[PDB]
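Chemist: Provided below: start_39.cif, containing mmCIF, C-alpha atoms and all ligand atoms.
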data_final
#
loop_
_atom_site.label_atom_id
_atom_site.label_comp_id
_atom_site.auth_asym_id
_atom_site.auth_seq_id
_atom_site.Cartn_x
_atom_site.Cartn_y
_atom_site.Cartn_z
CA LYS J 17 0.00 0.00 0.00
CA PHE J 18 2.69 2.56 1.04
CA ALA J 19 5.14 1.48 -1.70
CA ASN J 20 2.57 1.94 -4.50
CA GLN J 21 2.83 5.79 -4.25
CA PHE J 22 6.47 5.50 -5.44
CA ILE J 23 5.68 3.09 -8.33
CA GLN J 24 4.99 3.71 -12.01
CA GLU J 25 4.55 1.10 -14.74
CA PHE J 26 4.71 1.73 -18.48
CA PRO J 27 4.88 -0.29 -21.67
CA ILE J 28 8.17 -0.64 -23.54
CA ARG J 29 8.52 -0.68 -27.35
CA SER J 30 10.05 -2.86 -30.05
CA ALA J 31 13.03 -1.44 -32.00
CA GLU J 32 15.63 -2.61 -34.53
CA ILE J 33 19.41 -2.75 -34.12
CA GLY J 34 22.08 -3.90 -36.60
CA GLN J 35 20.56 -5.48 -39.72
CA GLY J 36 16.90 -5.62 -38.64
CA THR J 37 17.34 -7.55 -35.39
CA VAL J 38 14.26 -6.82 -33.28
CA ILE J 39 14.79 -5.97 -29.61
CA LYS J 40 12.74 -4.23 -26.86
CA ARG J 41 13.79 -0.70 -25.85
CA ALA J 42 12.97 0.25 -22.25
CA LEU J 43 15.00 3.46 -21.82
CA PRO J 44 14.84 6.15 -22.89
CA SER J 45 11.02 6.29 -23.20
CA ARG J 46 8.45 9.12 -23.13
CA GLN J 47 7.70 8.40 -19.44
CA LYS J 48 11.29 7.84 -18.27
CA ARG J 49 14.69 8.89 -19.57
CA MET J 50 17.05 7.87 -16.78
CA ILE J 51 17.33 5.71 -13.67
CA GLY J 52 20.35 6.96 -11.78
CA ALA J 53 23.06 7.34 -14.46
CA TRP J 54 21.46 4.53 -16.55
CA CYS J 55 20.24 6.29 -19.70
CA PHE J 56 19.55 3.48 -22.21
CA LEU J 57 18.23 -0.07 -21.86
CA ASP J 58 17.58 -2.67 -24.60
CA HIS J 59 16.39 -6.20 -23.91
CA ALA J 60 17.62 -8.52 -26.66
CA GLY J 61 15.94 -11.91 -26.93
CA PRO J 62 15.58 -14.57 -25.80
CA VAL J 63 15.63 -15.49 -29.48
CA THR J 64 16.82 -18.34 -31.69
CA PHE J 65 17.85 -17.68 -35.32
CA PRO J 66 19.62 -19.51 -38.15
CA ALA J 67 23.38 -19.85 -37.79
CA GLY J 68 24.87 -16.84 -39.60
CA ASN J 69 21.86 -14.53 -38.98
CA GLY J 70 22.85 -13.26 -35.53
CA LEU J 71 23.28 -9.62 -34.57
CA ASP J 72 25.58 -7.61 -36.85
CA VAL J 73 26.05 -4.02 -35.66
CA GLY J 74 28.56 -2.22 -37.81
CA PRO J 75 31.01 0.53 -36.88
CA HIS J 76 29.41 3.32 -34.91
CA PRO J 77 30.58 5.85 -32.35
CA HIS J 78 29.75 6.76 -28.77
CA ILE J 79 30.66 9.70 -26.57
CA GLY J 80 30.03 10.62 -22.93
CA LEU J 81 28.96 7.23 -21.72
CA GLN J 82 29.80 3.65 -20.91
CA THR J 83 28.06 0.72 -22.68
CA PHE J 84 27.28 -2.24 -20.49
CA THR J 85 26.45 -5.64 -21.92
CA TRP J 86 25.01 -8.40 -19.71
CA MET J 87 25.15 -11.59 -21.78
CA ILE J 88 22.64 -14.19 -20.56
CA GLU J 89 22.55 -16.71 -23.46
CA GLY J 90 24.55 -16.93 -26.69
CA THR J 91 27.77 -15.16 -27.62
CA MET J 92 28.85 -11.89 -29.29
CA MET J 93 32.12 -10.55 -30.67
CA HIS J 94 33.05 -7.08 -29.50
CA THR J 95 35.60 -5.13 -31.56
CA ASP J 96 36.53 -1.49 -30.99
CA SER J 97 38.67 1.32 -32.31
CA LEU J 98 41.26 0.74 -29.56
CA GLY J 99 41.92 -2.72 -31.05
CA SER J 100 39.97 -4.64 -28.39
CA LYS J 101 38.69 -8.01 -29.62
CA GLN J 102 36.56 -9.84 -27.07
CA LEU J 103 34.06 -12.64 -27.29
CA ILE J 104 31.46 -12.32 -24.58
CA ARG J 105 29.79 -15.48 -23.29
CA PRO J 106 26.87 -16.24 -20.93
CA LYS J 107 27.09 -14.68 -17.42
CA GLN J 108 29.73 -12.12 -18.37
CA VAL J 109 29.85 -8.34 -18.63
CA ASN J 110 31.58 -6.05 -21.12
CA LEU J 111 32.09 -2.41 -20.08
CA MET J 112 33.22 -0.06 -22.86
CA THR J 113 34.02 3.43 -21.63
CA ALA J 114 33.50 5.77 -24.55
CA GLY J 115 34.34 9.04 -22.76
CA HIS J 116 35.77 11.48 -25.29
CA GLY J 117 35.05 8.96 -28.03
CA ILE J 118 35.27 5.47 -29.40
CA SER J 119 33.72 3.31 -32.10
CA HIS J 120 32.78 -0.37 -31.99
CA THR J 121 31.08 -3.32 -33.63
CA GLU J 122 29.04 -6.13 -32.08
CA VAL J 123 28.72 -9.22 -34.29
CA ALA J 124 27.50 -12.70 -33.43
CA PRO J 125 29.86 -15.55 -34.45
CA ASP J 126 28.62 -17.22 -37.66
CA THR J 127 27.88 -20.48 -35.78
CA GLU J 128 25.81 -18.66 -33.08
CA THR J 129 22.05 -19.33 -33.07
CA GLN J 130 20.89 -17.66 -29.84
CA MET J 131 20.92 -14.30 -28.14
CA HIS J 132 19.66 -13.17 -24.77
CA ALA J 133 21.15 -9.99 -23.33
CA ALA J 134 20.46 -6.65 -21.68
CA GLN J 135 22.41 -3.74 -23.20
CA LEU J 136 22.59 -0.52 -21.20
CA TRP J 137 24.33 2.85 -21.38
CA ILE J 138 25.60 4.73 -18.37
CA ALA J 139 25.91 8.51 -18.60
CA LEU J 140 29.35 9.63 -17.39
CA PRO J 141 29.39 12.40 -14.78
CA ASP J 142 30.50 15.88 -15.89
CA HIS J 143 34.06 15.40 -14.56
CA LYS J 144 34.62 12.09 -16.48
CA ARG J 145 32.58 12.63 -19.68
CA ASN J 146 35.67 13.41 -21.77
CA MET J 147 38.03 10.78 -20.30
CA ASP J 148 40.13 8.56 -22.56
CA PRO J 149 38.19 5.56 -23.80
CA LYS J 150 38.81 2.03 -22.55
CA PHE J 151 37.40 -1.47 -22.70
CA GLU J 152 37.06 -3.93 -19.77
CA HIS J 153 35.78 -7.51 -19.76
CA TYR J 154 34.42 -9.24 -16.61
CA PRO J 155 34.12 -13.04 -16.89
CA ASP J 156 32.97 -13.52 -13.29
CA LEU J 157 30.21 -11.67 -11.51
CA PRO J 158 29.55 -12.57 -7.87
CA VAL J 159 26.42 -14.41 -6.80
CA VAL J 160 24.53 -14.26 -3.47
CA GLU J 161 21.65 -16.65 -2.90
CA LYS J 162 18.80 -16.29 -0.39
CA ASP J 163 14.98 -16.50 -0.18
CA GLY J 164 14.85 -18.80 -3.24
CA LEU J 165 16.57 -16.19 -5.44
CA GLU J 166 20.02 -16.20 -6.97
CA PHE J 167 21.24 -12.61 -7.19
CA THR J 168 24.11 -11.88 -9.57
CA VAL J 169 25.55 -8.47 -8.74
CA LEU J 170 26.44 -6.90 -12.09
CA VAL J 171 27.49 -3.50 -10.82
CA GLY J 172 27.63 -1.80 -7.43
CA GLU J 173 26.85 -3.38 -4.04
CA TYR J 174 23.85 -5.54 -3.19
CA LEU J 175 23.39 -7.78 -0.09
CA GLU J 176 26.96 -6.89 0.94
CA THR J 177 28.34 -8.28 -2.31
CA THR J 178 30.24 -5.88 -4.56
CA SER J 179 30.77 -6.29 -8.30
CA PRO J 180 34.28 -5.65 -9.65
CA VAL J 181 32.79 -3.48 -12.44
CA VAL J 182 34.18 0.06 -12.11
CA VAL J 183 31.73 2.93 -12.68
CA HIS J 184 31.84 6.62 -11.74
CA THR J 185 28.52 7.36 -9.99
CA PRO J 186 26.42 5.51 -7.35
CA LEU J 187 24.85 2.73 -9.38
CA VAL J 188 23.54 -0.79 -9.06
CA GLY J 189 22.50 -3.60 -11.39
CA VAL J 190 21.42 -7.07 -10.33
CA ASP J 191 20.18 -10.12 -12.20
CA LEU J 192 17.72 -12.21 -10.16
CA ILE J 193 16.57 -15.74 -11.00
CA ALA J 194 14.20 -17.83 -8.89
CA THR J 195 15.51 -21.26 -7.86
CA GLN J 196 12.07 -22.01 -6.37
CA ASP J 197 8.67 -20.25 -6.35
CA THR J 198 9.13 -17.35 -3.97
CA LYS J 199 7.67 -14.19 -2.51
CA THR J 200 9.96 -12.06 -0.43
CA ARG J 201 11.02 -8.53 0.31
CA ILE J 202 14.31 -7.33 -1.15
CA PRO J 203 16.35 -4.44 0.22
CA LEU J 204 16.65 -1.07 -1.53
CA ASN J 205 18.72 2.08 -0.92
CA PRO J 206 16.31 5.00 -0.13
CA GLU J 207 18.61 7.47 -1.98
CA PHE J 208 18.36 5.47 -5.25
CA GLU J 209 15.68 5.31 -7.92
CA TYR J 210 15.11 1.88 -9.47
CA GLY J 211 13.79 0.03 -12.49
CA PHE J 212 12.68 -3.59 -12.84
CA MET J 213 12.39 -5.51 -16.11
CA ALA J 214 11.42 -9.12 -16.63
CA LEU J 215 14.27 -10.86 -18.47
CA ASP J 216 12.59 -14.23 -18.76
CA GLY J 217 9.00 -14.98 -17.93
CA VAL J 218 6.99 -12.76 -15.62
CA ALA J 219 7.23 -11.51 -12.07
CA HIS J 220 5.44 -9.15 -9.70
CA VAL J 221 6.83 -6.11 -7.91
CA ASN J 222 4.56 -4.83 -5.13
CA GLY J 223 1.69 -6.57 -6.97
CA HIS J 224 2.44 -4.96 -10.37
CA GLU J 225 3.02 -7.58 -13.07
CA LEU J 226 6.32 -7.46 -14.95
CA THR J 227 6.10 -8.80 -18.50
CA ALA J 228 8.29 -8.76 -21.57
CA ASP J 229 6.34 -5.63 -22.65
CA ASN J 230 6.65 -3.26 -19.67
CA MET J 231 8.89 -1.90 -16.95
CA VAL J 232 8.21 -0.92 -13.34
CA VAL J 233 10.07 2.11 -11.95
CA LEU J 234 10.46 3.35 -8.36
CA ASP J 235 11.07 6.90 -7.13
CA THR J 236 13.58 7.49 -4.33
CA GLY J 237 12.45 6.79 -0.75
CA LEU J 238 11.87 3.04 -0.33
CA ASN J 239 13.98 0.85 1.97
CA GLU J 240 12.57 -2.48 0.70
CA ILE J 241 10.10 -3.89 -1.82
CA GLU J 242 8.05 -7.10 -2.19
CA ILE J 243 8.49 -9.30 -5.28
CA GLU J 244 6.96 -12.59 -6.46
CA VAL J 245 8.88 -14.82 -8.82
CA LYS J 246 8.04 -18.35 -9.95
CA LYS J 247 10.94 -20.83 -10.29
CA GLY J 248 13.05 -20.26 -13.44
CA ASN J 249 11.85 -16.69 -14.10
CA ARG J 250 14.47 -13.94 -14.26
CA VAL J 251 14.35 -10.20 -13.45
CA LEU J 252 16.75 -7.28 -13.98
CA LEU J 253 16.98 -4.65 -11.23
CA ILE J 254 18.84 -1.42 -12.00
CA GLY J 255 19.20 1.63 -9.88
CA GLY J 256 21.16 4.63 -8.83
CA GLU J 257 21.32 8.06 -7.32
CA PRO J 258 19.35 10.61 -9.36
CA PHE J 259 21.65 12.12 -11.99
CA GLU J 260 21.47 15.84 -11.15
CA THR J 261 22.98 17.41 -14.29
CA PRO J 262 20.73 17.72 -17.36
CA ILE J 263 22.13 15.77 -20.32
CA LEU J 264 21.38 15.61 -24.02
CA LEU J 265 21.10 12.15 -25.52
CA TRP J 266 20.90 11.96 -29.29
CA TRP J 267 21.64 8.96 -31.46
CA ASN J 268 24.74 7.30 -29.91
CA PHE J 269 25.91 10.39 -28.10
CA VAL J 270 25.53 11.65 -24.55
CA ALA J 271 26.56 15.27 -24.15
CA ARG J 272 25.59 18.61 -22.60
CA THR J 273 25.16 21.17 -25.41
CA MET J 274 23.94 21.27 -29.01
CA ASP J 275 27.43 22.34 -30.13
CA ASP J 276 28.85 19.13 -28.51
CA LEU J 277 26.51 17.08 -30.73
CA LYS J 278 27.12 19.13 -33.90
CA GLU J 279 30.87 18.76 -33.45
CA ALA J 280 30.73 15.02 -32.77
CA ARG J 281 28.34 14.34 -35.67
CA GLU J 282 30.60 16.27 -38.08
CA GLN J 283 33.62 14.32 -36.82
CA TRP J 284 31.87 10.98 -37.42
CA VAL J 285 30.70 11.97 -40.93
CA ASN J 286 34.24 13.12 -41.74
CA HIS J 287 36.10 10.01 -40.37
CA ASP J 288 37.86 12.09 -37.73
CA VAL J 289 40.54 10.43 -35.58
CA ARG J 290 38.25 10.99 -32.55
CA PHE J 291 36.39 7.81 -33.48
CA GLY J 292 39.22 5.85 -35.10
CA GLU J 293 38.65 2.96 -37.50
CA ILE J 294 37.70 -0.73 -37.27
CA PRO J 295 39.62 -2.08 -40.29
CA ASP J 296 38.63 -5.79 -39.87
CA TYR J 297 34.87 -5.15 -40.24
CA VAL J 298 33.23 -6.35 -43.43
CA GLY J 299 30.32 -4.12 -44.36
CA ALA J 300 28.87 -0.68 -44.02
CA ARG J 301 29.98 1.85 -41.43
CA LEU J 302 26.77 3.14 -39.80
CA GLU J 303 25.43 6.61 -40.67
CA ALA J 304 24.36 9.47 -38.43
CA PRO J 305 20.73 10.61 -38.70
CA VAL J 306 19.87 14.30 -39.10
CA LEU J 307 20.50 16.41 -36.04
CA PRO J 308 17.49 18.61 -35.19
CA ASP J 309 18.41 22.26 -34.43
CA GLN J 310 16.63 22.17 -31.02
CA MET J 311 16.05 19.43 -28.45
CA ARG J 312 15.04 19.16 -24.83
CA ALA J 313 17.52 17.97 -22.17
CA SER J 314 16.91 15.17 -19.66
CA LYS J 315 15.41 17.67 -17.12
BR BR G 1 18.19 -17.36 -26.07
BR BR G 2 15.55 -18.73 -27.43
MN MN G 3 26.98 0.70 -29.49
#
As structure tokens, please, write out the structure in this file.
Ligand SMILES: [Br-]
Ligand SMILES: [Br-]
Ligand SMILES: [Mn+2]
Modeler:
Amino acid sequence: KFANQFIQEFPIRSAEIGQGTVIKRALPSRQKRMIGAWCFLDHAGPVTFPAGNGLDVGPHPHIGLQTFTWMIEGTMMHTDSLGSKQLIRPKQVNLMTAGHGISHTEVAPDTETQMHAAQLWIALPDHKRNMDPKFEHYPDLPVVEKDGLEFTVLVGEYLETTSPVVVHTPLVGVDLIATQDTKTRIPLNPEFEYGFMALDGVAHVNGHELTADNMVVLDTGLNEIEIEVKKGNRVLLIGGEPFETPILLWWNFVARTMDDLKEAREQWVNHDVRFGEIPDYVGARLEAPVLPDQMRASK
């Protein structure tokens, strides 16, 4: 009853990435742009496809953010303009810090037939937004199990278990899977806002149903929340301290002013060293859409 005044639920939409691969896009949406520093969230799969038809995202840039890939099922090859080459497998995280700028590709091996993943972006704080880019791979995320749930701490600290993933603002991300039918209350930090998304199956958060077509978000203020999860179903919990500074998110860029975006777009179109090259990629380099002359910030 008390918790429900801090809860909002809204549908999430289908969208295409790479060469027509259909995914679900949860953030940004018309009702919610950010949860802590989390400023983008795609749910990919679960899906099975013919070998050779997996995700193929060609060269494209990012600025002012970190991309965060949580691979649940299947594999993906990450390549970037720093020369990183990393195959990500189930139960692993890739963290690419774009900062001042980087470009990358994400391509499924030609023998791969499955894909289940959550792809997020993290807005860098003002003091780190232009840092040198880097790429980090995490093959082992810690697991804490209680109340019939197996919690994998992806980032931050949850149930006194801290992920090795290094981020620059107060943030948390946890994958939860039920080992048995359960209903329990899980702890929350009152200074954080949160989002819940069903990764596999359905669940309930304070009585609100989580499906593959919605998301439940919480305002700051709660110390705990009740969830219901049948055995085998999986949920993603993300959260963080409200990001105070207004940001501009357009295409693959997170910035602060229109001039930042104009500059970066021009540099991409002109093959500027800022974004480097990915010489081993076979195919088309992705193109920047038109940049509107005016756009609203995150707040
Ligand atoms: Br799958
Ligand atoms: Br599947
Ligand atoms: Mn990307």
Chemist: With only C-alpha atoms counted, which protein, DNA or RNA residues have an atom no more than 10 Å from (20.5, -15.7, -6.7) in the file frame? Please answer as number ranges by chain.
Modeler: J: 158-169, 190-195, 250
Chemist: Please produce a file of those selected residues containing C-alpha atoms, as a CSV table (one decimal), in the coordinates of the input.
Modeler:
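Full text of again-v1.csv as output:
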chain,number,residue,atom,x,y,z
J,158,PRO,CA,29.6,-12.6,-7.9
J,159,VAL,CA,26.4,-14.4,-6.8
J,160,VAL,CA,24.5,-14.3,-3.5
J,161,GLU,CA,21.6,-16.6,-2.9
J,162,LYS,CA,18.8,-16.3,-0.4
J,163,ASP,CA,15.0,-16.5,-0.2
J,164,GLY,CA,14.8,-18.8,-3.2
J,165,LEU,CA,16.6,-16.2,-5.4
J,166,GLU,CA,20.0,-16.2,-7.0
J,167,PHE,CA,21.2,-12.6,-7.2
J,168,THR,CA,24.1,-11.9,-9.6
J,169,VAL,CA,25.6,-8.5,-8.7
J,190,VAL,CA,21.4,-7.1,-10.3
J,191,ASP,CA,20.2,-10.1,-12.2
J,192,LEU,CA,17.7,-12.2,-10.2
J,193,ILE,CA,16.6,-15.7,-11.0
J,194,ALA,CA,14.2,-17.8,-8.9
J,195,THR,CA,15.5,-21.3,-7.9
J,250,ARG,CA,14.5,-13.9,-14.3
Chemist: Please provide as a PyMOL selection string all residues within 8 Å of residue 138 in chain J, with the sequence filter that same-chain residues fewer than 4 positions apart are discarded (counting all atoms listed in the file).
Modeler: chain J and resi 53-56+81-84
Chemist: Could those selected residues go to a file with C-alpha atoms, as a JSON list (two decimals), keeping the file's coordinate frame?
Modeler:
[["chain", "number", "residue", "atom", "x", "y", "z"],
["J", 53, "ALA", "CA", 23.06, 7.34, -14.46],
["J", 54, "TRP", "CA", 21.46, 4.53, -16.55],
["J", 55, "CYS", "CA", 20.24, 6.29, -19.70],
["J", 56, "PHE", "CA", 19.55, 3.48, -22.21],
["J", 81, "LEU", "CA", 28.96, 7.23, -21.72],
["J", 82, "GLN", "CA", 29.80, 3.65, -20.91],
["J", 83, "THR", "CA", 28.06, 0.72, -22.68],
["J", 84, "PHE", "CA", 27.28, -2.24, -20.49]]
Chemist: Taking into account only C-alpha atoms, which residue in the set J:124, J:34, J:269, J:98 is nearest to residue 66 in chain J?
Modeler: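 Looking only at the distances to residue 66 in chain J, the closest residue turns out to be J:124.
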Chemist: Which residue, J:61, J:80, J:44, J:52, has the smallest gap to ligand BR 1 (chain G) when you use all atoms listed in the file?
Modeler: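 Answer, going by the shortest atom-to-atom distance: J:61.
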Chemist: Can you find the residues with an atom no farther than 12 Å from (30.3, -7.0, -4.8), counting only C-alpha atoms, and report them as a PyMOL selection string?
Modeler: chain J and resi 156-160+167-182+188-190
